Amino acid sequence: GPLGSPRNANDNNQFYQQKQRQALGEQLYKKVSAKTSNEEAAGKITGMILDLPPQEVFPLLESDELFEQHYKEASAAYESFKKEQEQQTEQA
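Under my numbering, think of the first position of the sequence shown as 0, with each following residue one higher.
Right, here's the structure in full:
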């Protein structure tokens, strides 16, 4: 890394490894939908756990314990939102 590297970058672009950012980040979403492919379900909790930055979320989305806590509060909403989803019911 930038520790033992002779030539250092001029511009500090943190948005370099975008493929990695969405990579582990996607883990946040799939971790929720791990019980179902409910885009409205995991999308609900994902927004809650979306408080952790792209990379800062990686360490969380990879730890079961770290998820349970964060996904905990969001979980309770999981049922309510997935059950009382009277908003996703488009009328004619």
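Note that CB positions come from ideal geometry on N, CA and C, so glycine has one too.
Roughly how many angstroms lie between the CA atoms of residue 52 and residue 88, to the nearest whole one? 32 angstroms
How would you call residue 35, buried or exposed, if buried means at least 16 neighbouring beta carbons within 10 angstroms? With fewer than 16 Cβ atoms within 10 Å of its Cβ, residue 35 is classed as exposed.
Please classify residue 43 as buried or exposed, where buried requires at least 16 neighbouring CB atoms within 10 angstroms. buried
Given a cut-off of 8 angstroms on the beta-carbon distance, is the pair residue 23 and residue 61 in contact? yes
Assuming residue 77 contacts residue 40 (C-beta within less than 8 angstroms), just tell me the rounded distance between them. 6 angstroms
Could you give the DSSP three-state label for residue 45: helix, strand or coil? helix
Determine the direct distance from the alpha carbon of residue 37 to that of residue 92, and round the result to whole angstroms. Because residue 92 is not part of the residues shown, which for the chain are 0 to 91, the question remains open.
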